[PDB]
Amino acid sequence: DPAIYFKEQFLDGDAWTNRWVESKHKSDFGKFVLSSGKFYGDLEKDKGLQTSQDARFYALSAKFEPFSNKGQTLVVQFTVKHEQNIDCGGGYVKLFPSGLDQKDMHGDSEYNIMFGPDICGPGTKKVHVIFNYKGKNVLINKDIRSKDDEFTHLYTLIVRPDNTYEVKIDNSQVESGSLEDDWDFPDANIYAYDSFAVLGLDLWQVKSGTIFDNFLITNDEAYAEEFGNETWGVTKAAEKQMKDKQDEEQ
Ligand SMILES: OC[C@H]1O[C@H](O[C@@H]2[C@H](O)[C@@H](O[C@@H]3[C@@H](O[C@H]4[C@@H](O)[C@H](O)[C@@H](CO)O[C@@H]4O)O[C@H](CO)[C@@H](O)[C@@H]3O)O[C@H](CO)[C@H]2O)[C@H](O)[C@@H](O)[C@@H]1O
Ligand SMILES: [Ca+2]
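Keep in mind that residues are numbered from 1 along each chain as the sequence reads, not by the entry's scheme, and that residues without coordinates are left out. Each chain gets a letter, beginning with A, and each ligand a number, beginning with 1, in the order they are written. Calculation of side-chain values draws on the structure's entire complement of heavy atoms; hydrogens and water are dropped beforehand. Residues with missing side-chain atoms are left out of burial classes, side-chain pairs and their counts.

Looking at the method and resolution fields of the entry, one finds X-ray crystallography and 2.01 Å.

If you want it as structure tokens, here you go:
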């Protein structure tokens, strides 16, 4: 049986607010709203969290029963849709250990892993993969290109107990190697963390309108691939046809 540590598909309406916490660290964080956007694969299935305010910081997080990846695989996966045609704005997640105050979470709150696309003008169009190791946040030595169009894309990070990793975009490998070689941190336990307890969205955006959906944290690579195909894989073609429709009808 795959261990599902966390899963969020926003399938139950306004009830998501019972599972996600707004940080109060700042008084003027932008608001996340539940939305399937202007075009979608399915009105209900493609409901996710959308940034609703221009030129704001965002800080929202969801807790889950704490776990450790010691001795097993860790997979983190979600969809990002920059439906607005984004100029500058984050689309990554952070994983936090136990002890985070969700009501006070912010950009400098200490995290274990940060992963996902970041866009900031043409000069920043990169997928971050950051490991906190011995008091330092270490950025991956590799250039992974992020998606910049208006459509929904799947982002997957896989971390293995043999100190290997893989990054997938749209369920397809884009980068692969070992933690020893692709970060400037030999330690057999680089991969492992004593606890994960919270998934956070800590973002700055200029033009807002990005939608996040289909969050998954699991110990099973095969299950993540399947879940990805059943979520993003299903959204992909349907949403393209409805975008094609809207252009032709205009
Ligand atoms: O990028 C690695 C870094 O990520 C996390 O920290 C993020 C940064 O603190 C910051 O992200 C930057 C922000 O840049 C802009 C704005 O804040 C600047 O004042 C302005 C002037 O130069 O430029 C931008 O408008 O947002 C962009 C777009 O996402 C980012 O690319 C920049 O990196 O803010 C975000 C949100 O709070 C932080 O997540 C990690 O915490 C950190 O450890 C890591 O080194
Ligand atoms: Ca959804």
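Focus: the coordination of the calcium ion (ligand 2)
For the record, the criterion: Here a donor is an N, O or S atom found within 2.8 Å of the metal, or within 3.2 Å if the metal is Na, K or Ca; sites may look incomplete because water is not among the atoms. For the exposure calls, accessible area comes from a 1.4 Å probe over protein chains only, and a residue counts as buried if that area is under 20% of its type's maximum, exposed if over 50%, partly exposed in between.
Those protein atoms acting as donors to the calcium ion (ligand 2) are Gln9 (O), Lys45 (O), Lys47 (O), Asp213 (OD) and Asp213 (OD), and they sit at 2.3 to 2.5 Å. Owing to a relative accessible area of 52%, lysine 45 belongs among the exposed residues under this scheme.

Observations regarding the packing of aromatic side chains
Let me state the cut-off plainly: Side-chain rings of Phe, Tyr and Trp, where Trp is taken by its six-membered ring, are said to pair if the distance between their centres is within 6.5 Å; with planes under 30 degrees apart they count as stacked, over 60 as edge-to-face, and otherwise as tilted. To sit over a ring, a charge needs its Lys NZ or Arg CZ within 6 Å of the ring centre and within 35 degrees of the ring normal.
Taken as a whole, this structure holds 22 aromatic pairs when the rule is applied. Between the NZ or CZ atom of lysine 81 and the centre of the ring of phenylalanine 39, over which it lies, the distance is 3.5 Å.

Considering the UniProt feature "disulfide bond" in the chain
Condition: A pair of sulfur atoms, both from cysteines and within 2.5 Å, is called a disulfide here. UniProt positions are given in the numbering used here, feature names are shortened, and annotations may be inferred rather than shown by experiment. Secondary structure is summarised from DSSP: a helix means a run of H or I of at least four residues, a strand means a run of E of at least two, and numbering begins at the N terminus for each.
Structure remark: disulfide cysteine 88/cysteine 120 (UniProt) not confirmed, S-S 3.0 Å. Relative to the helices and strands, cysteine 88 is located in strand β7 (residues 88–90). Structurally, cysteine 120 can be placed in strand β9 (residues 113–120).

Observations concerning helix α2 (residues 221–249)
Cut-off, in case you're wondering: By this rule the span expected of a helix is its residue count minus one, scaled by 1.5 Å. Bend at a given residue is defined as the angle between two axes, one fitted to the seven residues that end at that position and one fitted to the seven that begin there. The contact definition used throughout considers only heavy atoms, calling two residues in contact when any of these lie within 4.5 Å. Contacts described as polar in this section are N or O atom pairs within 3.5 Å, which, within protein, must combine one atom able to donate a hydrogen with one able to accept it, while residues neighboring in sequence count only if both atoms come from side chains.
Compared with the 42 Å implied by 1.5 Å per residue over 29 residues, the 41 Å span of α2 between its first and last C-alpha is a close match. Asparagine 229 marks the point of greatest bend in α2, at about 30°. Along α2, the residues that are buried comprise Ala224, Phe227, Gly228, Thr231, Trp232, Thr235, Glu239, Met242 and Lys243. Here the buried face of α2 lies against β1 (4–8), β6 (74–82), β12 (152–159) and β16 (210–218). Among the residues of α2, the N-terminal cap falls to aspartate 220, whose side-chain oxygen and the backbone nitrogen of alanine 222 are separated by 3.1 Å.

Some points on the site of ligand 1
Short version of the rule: Throughout this document, a residue counts as near a molecule or strand when at least one of its heavy atoms sits within 4 Å of that molecule or strand. A 1.4 Å probe and the Shrake-Rupley method give the accessible areas. Residues count as covered only by the protein chains that appear here.
Taken together, 18 residues sit near ligand 1, with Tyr92, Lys94, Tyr111, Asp118 and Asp202 positioned nearest. Within the backbone of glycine 107, one N or O atom sits 3.1 Å away from an oxygen atom of ligand 1. A distance of 2.5 Å separates an oxygen atom of ligand 1 from a polar atom in the side chain of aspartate 118. Burial of ligand 1 by the protein chains amounts to 60% of its free accessible area of 830 Å². Of all the secondary structure elements, the ones that give two or more residues to the shell around ligand 1 are β7, β9, β10 (125–133) and β15 (196–205).

Remarks on a nonpolar patch on the surface
Inclusion rule: Each patch is built from residues lacking any salt bridge and having more than 30% relative accessible area; the joining distance is 9 Å for like charges and 5 Å for nonpolar side chains (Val, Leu, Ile, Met, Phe, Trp, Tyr). By convention in these notes, a salt bridge is any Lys or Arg side-chain nitrogen within 4 Å of a carboxyl oxygen on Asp or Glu.
A surface patch of nonpolar side chains, about 250 Å² in accessible area, is lined by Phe57, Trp204 and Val206. Among the structural elements, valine 206 can be located in the loop between β15 and β16. Looking at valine 206, the relative accessible area reads 31%, which means it is partly exposed.

Some remarks on the pattern of salt bridges
Taken as a whole, this structure holds 15 salt bridges when the rule is applied. Among the ionic pairs, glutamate 166 bridges to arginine 160, the shortest N-O distance being 3.0 Å. We classify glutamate 166 as buried; its relative accessible area is 10%. Ionic contacts of the salt-bridge type, sharing partners, join the residues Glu8, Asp12 and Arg19 into one network.

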